[PDB]
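Asks: Quick one: this structure, given as structure tokens, is what I'll be asking you about.
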Number of protein chains: 2
Amino acid sequence: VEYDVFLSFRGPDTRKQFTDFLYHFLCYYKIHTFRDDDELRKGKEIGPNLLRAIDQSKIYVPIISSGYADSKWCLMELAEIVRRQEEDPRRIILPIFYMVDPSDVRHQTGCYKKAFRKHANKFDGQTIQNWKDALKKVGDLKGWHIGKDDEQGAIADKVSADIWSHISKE
Amino acid sequence: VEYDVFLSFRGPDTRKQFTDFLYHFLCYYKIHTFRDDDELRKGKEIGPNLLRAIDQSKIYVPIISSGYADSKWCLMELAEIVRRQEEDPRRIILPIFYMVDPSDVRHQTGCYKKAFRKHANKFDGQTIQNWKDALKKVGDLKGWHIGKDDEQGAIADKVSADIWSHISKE
DNA sequence: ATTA
DNA sequence: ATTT
Ligand SMILES: Nc1ncnc2c1ncn2[C@@H]1O[C@H](CO)[C@H]2OP(=O)(O)O[C@H]21
Ligand SMILES: Nc1ncnc2c1ncn2[C@@H]1O[C@H](CO)[C@H]2OP(=O)(O)O[C@H]21
């Protein structure tokens with residue numbers, strides 16, 4: 001009755017081509033999947049919406065993209081996934097990289113440098129270190145890379161069963 | 001050596017055509033003027049910078065443009081002038097309207113209704129009440145109107161004398 | 001409406 | 001390059 005899978009993604013980059021091609025496919029395997037479309041902004045961290053599904057979910061599946069470093073809601077929300085993970089390691093994380101290399105995620109260089117070049121003029125001098133030391137550890141787990149050739153269809157089918165297999169076999 | 005005039009204007013609307021046309025002319029009347037160029041943002045209200053120049057000035061001249069209520073910094077900056085005025089009524093205000101009618105600013109209608117249509121989704125429901133009641137009072141005092149035809153070179157000189165006349169005679 |  |  002509660003949520004079992006919680007997603008997360010960029011705003012406009014991958015909201016209507018691959019993320020959607022997954023959520024529909026997942027519902028055809030009978031598992032209630034939670035994704036949110038309201039941009040929040042009504043504060044700094046809303047209550048019984050995001051913060052509800054975070055502690056209720058089971059298998060966090062963050063979909064890092066190429067511009068995932070700009071929207072200040074995304075990072076400081078991901079800093080809550082990996083922080084809640086280190087408390088109880090019973091739940092897992094299955095990142096799915098996208099277009100970008102799996103080397104510009106462990107050092108925030110390359111396509112992210114312009115992002116943290118302007119985020120350092122507004123926020124604290126230590127909060128930024130709280131994002132990087134949390135964004136880095138995500139780039140060390142397992143994950144399906146998707147180059148410019150891989151057919152963005154079977155990857156969805158191959159990655160749905162790997163999420164359903166942790167439900168039937170328990 | 002302290003400030004005697006403090007301005008405030010919309011950003012990319014009236015920064016490089018009329019305000020600078022006026023700021024130089026004031027500098028040829030030997031009166032030290034203060035305008036700020038950095039976008040600030042670094043916090044909620046900077047300490048010994050903007051909030052210092054308010055108490056040091058003497059003749060506030062807020063230049064209400066056409067979309068002066070969209071930039072979230074401007075309003076809560078202007079709400080600071082009219083409050084400092086009522087506590088120690090030694091200083092004055094000489095607003096200079098621009099494009100906008102003086103009847104679409106005493107009721108927030110028209111080109112401003114679109115601005116206050118979305119601020120109810122982001123900020124607190126009471127802070128808006130204090131701006132709506134502070135933006136109205138400014139639109140009651142004196143003020144040179146400048147339509148679409150008035151020679152903006154003539155009003156600059158005419159508005160220079162009215163500022164200097166309040167200094168020599170003490 | 002959107003920018004966001 | 002802003003800017004939420
Ligand atoms: N303007 C927005 N820009 C970028 N991401 C957004 C925006 N609004 C919502 N999201 C994302 O919806 C997701 C629901 O869990 C959540 O994941 P996120 O990456 O923290 O960023 C949010
Ligand atoms: N990007 C900007 N957006 C809106 N207002 C700006 C911007 N940059 C400067 N200002 C305004 O410069 C003024 C300095 O006294 C200050 O008054 P303001 O009305 O708070 O709006 C500022």
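Naming scheme: A, B, ... for chains in displayed order of the structure tokens; residues 1 onward per chain; ligands 1 onward as shown.
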May I have all residues of chain A that DSSP, computed from the backbone, assigns to strand (DSSP E or B), given as a PyMOL selection string?
Replies: chain A and resi 5-8+33-34+59-62+92-93
Asks: Can you show chain A as a tab-separated table (two decimals) with C-alpha atoms, in the first residue's frame once it has been least-squares superposed onto chain B, using every C-alpha atom paired in order?
Replies:
chain	number	residue	atom	x	y	z
A	1	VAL	CA	31.84	62.66	3.55
A	2	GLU	CA	28.82	60.40	4.00
A	3	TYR	CA	26.09	59.76	1.46
A	4	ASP	CA	23.32	62.32	1.08
A	5	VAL	CA	21.16	60.78	-1.69
A	6	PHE	CA	20.24	57.11	-2.08
A	7	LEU	CA	18.71	55.82	-5.31
A	8	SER	CA	16.88	52.60	-6.20
A	9	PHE	CA	15.67	51.19	-9.50
A	10	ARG	CA	14.89	48.11	-11.54
A	11	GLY	CA	17.62	45.82	-12.81
A	12	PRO	CA	17.83	45.99	-16.59
A	13	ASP	CA	14.88	48.20	-17.49
A	14	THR	CA	16.22	51.63	-16.49
A	15	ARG	CA	19.87	51.04	-15.62
A	16	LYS	CA	21.48	52.52	-18.73
A	17	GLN	CA	19.21	55.17	-20.28
A	18	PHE	CA	17.65	57.50	-17.69
A	19	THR	CA	19.11	56.56	-14.30
A	20	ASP	CA	22.62	57.04	-15.68
A	21	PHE	CA	21.61	60.30	-17.38
A	22	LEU	CA	20.86	61.49	-13.82
A	23	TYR	CA	23.69	60.24	-11.60
A	24	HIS	CA	26.29	61.88	-13.83
A	25	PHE	CA	24.29	65.10	-13.94
A	26	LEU	CA	24.01	65.10	-10.15
A	27	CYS	CA	27.78	64.84	-9.67
A	28	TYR	CA	28.09	68.11	-11.59
A	29	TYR	CA	26.29	69.83	-8.69
A	30	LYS	CA	28.71	68.48	-6.03
A	31	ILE	CA	26.82	65.90	-3.98
A	32	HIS	CA	28.06	62.37	-3.31
A	33	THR	CA	25.41	60.04	-4.73
A	34	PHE	CA	25.25	56.33	-3.90
A	35	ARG	CA	24.01	53.68	-6.31
A	36	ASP	CA	24.90	50.00	-6.18
A	37	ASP	CA	25.52	47.50	-8.98
A	38	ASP	CA	26.33	44.22	-7.19
A	39	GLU	CA	23.27	41.97	-7.21
A	40	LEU	CA	23.85	40.92	-3.56
A	41	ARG	CA	22.04	37.57	-3.27
A	42	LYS	CA	24.75	36.69	-0.74
A	43	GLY	CA	22.13	36.09	1.96
A	44	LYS	CA	18.83	37.88	2.55
A	45	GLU	CA	19.85	41.42	3.56
A	46	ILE	CA	23.56	42.23	3.49
A	47	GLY	CA	25.22	44.18	6.27
A	48	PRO	CA	27.58	47.12	5.79
A	49	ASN	CA	26.52	47.76	2.19
A	50	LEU	CA	22.81	48.46	1.61
A	51	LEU	CA	21.99	48.61	5.33
A	52	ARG	CA	24.85	51.09	5.74
A	53	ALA	CA	23.73	53.60	3.12
A	54	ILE	CA	20.06	53.35	4.16
A	55	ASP	CA	20.61	54.86	7.61
A	56	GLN	CA	23.31	57.22	6.32
A	57	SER	CA	21.42	58.78	3.39
A	58	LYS	CA	19.23	61.87	3.54
A	59	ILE	CA	16.88	62.14	0.53
A	60	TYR	CA	15.53	58.81	-0.70
A	61	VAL	CA	14.63	59.00	-4.40
A	62	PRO	CA	12.98	55.74	-5.54
A	63	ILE	CA	12.45	55.47	-9.28
A	64	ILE	CA	9.40	53.26	-9.77
A	65	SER	CA	9.38	51.67	-13.22
A	66	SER	CA	7.07	49.29	-15.11
A	67	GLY	CA	8.60	46.05	-13.85
A	68	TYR	CA	9.63	47.20	-10.38
A	69	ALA	CA	7.38	44.59	-8.76
A	70	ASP	CA	9.20	41.39	-9.74
A	71	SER	CA	12.74	41.45	-8.30
A	72	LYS	CA	12.15	40.30	-4.72
A	73	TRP	CA	15.18	42.32	-3.62
A	74	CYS	CA	13.62	45.61	-4.70
A	75	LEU	CA	10.30	45.46	-2.85
A	76	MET	CA	11.50	44.14	0.51
A	77	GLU	CA	14.19	46.80	0.29
A	78	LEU	CA	11.66	49.53	-0.46
A	79	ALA	CA	9.64	48.22	2.48
A	80	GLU	CA	12.68	49.30	4.51
A	81	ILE	CA	12.77	52.84	3.10
A	82	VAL	CA	9.16	53.72	3.90
A	83	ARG	CA	9.39	51.87	7.22
A	84	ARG	CA	12.47	53.81	8.31
A	85	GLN	CA	10.72	56.97	7.11
A	86	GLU	CA	7.75	56.68	9.49
A	87	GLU	CA	10.18	56.57	12.43
A	88	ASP	CA	11.81	59.98	11.82
A	89	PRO	CA	9.90	62.22	9.39
A	90	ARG	CA	12.87	64.58	9.11
A	91	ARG	CA	13.87	62.92	5.81
A	92	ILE	CA	11.74	62.99	2.68
A	93	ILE	CA	10.83	60.97	-0.43
A	94	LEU	CA	10.59	62.28	-4.01
A	95	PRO	CA	9.33	59.43	-6.21
A	96	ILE	CA	9.70	59.74	-9.98
A	97	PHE	CA	7.15	57.61	-11.82
A	98	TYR	CA	8.10	56.25	-15.22
A	99	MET	CA	5.95	55.21	-18.20
A	100	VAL	CA	3.46	53.49	-15.89
A	101	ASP	CA	0.36	55.28	-14.68
A	102	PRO	CA	0.17	56.80	-11.19
A	103	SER	CA	-2.92	54.65	-10.67
A	104	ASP	CA	-1.40	51.15	-10.98
A	105	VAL	CA	0.80	51.90	-7.97
A	106	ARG	CA	-1.89	52.46	-5.30
A	107	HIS	CA	-3.68	49.16	-5.95
A	108	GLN	CA	-1.02	46.87	-7.50
A	109	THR	CA	-3.41	46.18	-10.39
A	110	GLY	CA	-2.88	46.47	-14.12
A	111	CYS	CA	0.74	45.61	-14.93
A	112	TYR	CA	1.58	44.32	-11.43
A	113	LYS	CA	-1.18	41.72	-11.06
A	114	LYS	CA	0.79	39.03	-12.88
A	115	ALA	CA	3.66	39.70	-10.47
A	116	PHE	CA	1.76	39.11	-7.23
A	117	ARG	CA	-0.04	36.20	-8.92
A	118	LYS	CA	3.11	34.07	-8.53
A	119	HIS	CA	4.75	35.69	-5.49
A	120	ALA	CA	1.86	34.32	-3.40
A	121	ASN	CA	2.90	30.68	-3.93
A	122	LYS	CA	6.36	30.96	-2.34
A	123	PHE	CA	6.52	33.57	0.43
A	124	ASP	CA	4.45	34.02	3.58
A	125	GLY	CA	0.77	34.95	3.59
A	126	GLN	CA	1.40	38.05	5.70
A	127	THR	CA	4.71	39.32	4.30
A	128	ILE	CA	2.94	40.14	1.03
A	129	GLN	CA	0.52	42.34	2.97
A	130	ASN	CA	3.62	44.01	4.44
A	131	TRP	CA	4.75	45.01	0.94
A	132	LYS	CA	1.43	46.26	-0.43
A	133	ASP	CA	0.56	48.42	2.58
A	134	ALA	CA	4.05	49.92	2.13
A	135	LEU	CA	4.12	50.16	-1.66
A	136	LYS	CA	0.76	51.94	-1.65
A	137	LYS	CA	1.78	54.89	0.51
A	138	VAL	CA	4.58	55.74	-1.93
A	139	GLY	CA	1.96	56.38	-4.60
A	140	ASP	CA	0.43	59.27	-2.67
A	141	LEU	CA	3.34	61.72	-2.40
A	142	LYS	CA	4.46	64.25	-5.00
A	143	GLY	CA	6.14	63.11	-8.18
A	144	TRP	CA	7.17	64.00	-11.73
A	145	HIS	CA	5.31	61.81	-14.21
A	146	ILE	CA	7.12	61.10	-17.48
A	147	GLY	CA	4.88	60.16	-20.39
A	148	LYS	CA	6.00	58.94	-23.78
A	149	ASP	CA	6.56	62.51	-25.04
A	150	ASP	CA	8.37	64.36	-22.24
A	151	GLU	CA	12.00	65.00	-23.15
A	152	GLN	CA	14.02	62.82	-20.77
A	153	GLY	CA	16.59	65.59	-20.42
A	154	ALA	CA	15.03	68.69	-18.90
A	155	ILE	CA	13.17	66.47	-16.43
A	156	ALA	CA	16.60	65.45	-15.17
A	157	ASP	CA	17.74	69.08	-14.98
A	158	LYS	CA	14.47	70.20	-13.38
A	159	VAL	CA	14.64	67.41	-10.77
A	160	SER	CA	18.30	67.92	-9.87
A	161	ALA	CA	17.81	71.51	-8.72
A	162	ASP	CA	14.86	70.45	-6.54
A	163	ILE	CA	17.26	68.10	-4.77
A	164	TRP	CA	20.08	70.65	-4.55
A	165	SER	CA	17.70	73.31	-3.20
A	166	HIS	CA	17.16	71.25	-0.04
A	167	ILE	CA	20.94	71.36	0.59
A	168	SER	CA	21.98	74.99	0.09
A	169	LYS	CA	18.92	76.57	1.73
A	170	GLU	CA	18.91	73.81	4.39
Asks: One decimal, Å: what's the distance from atom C1' of residue C:3 over to atom 2 (C, counted along the ligand's line) of ligand 2, could you say?
Replies: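 According to the coordinates, atom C1' of residue C:3 and atom 2 (C, counted along the ligand's line) of ligand 2 are separated by 14.4 Å.
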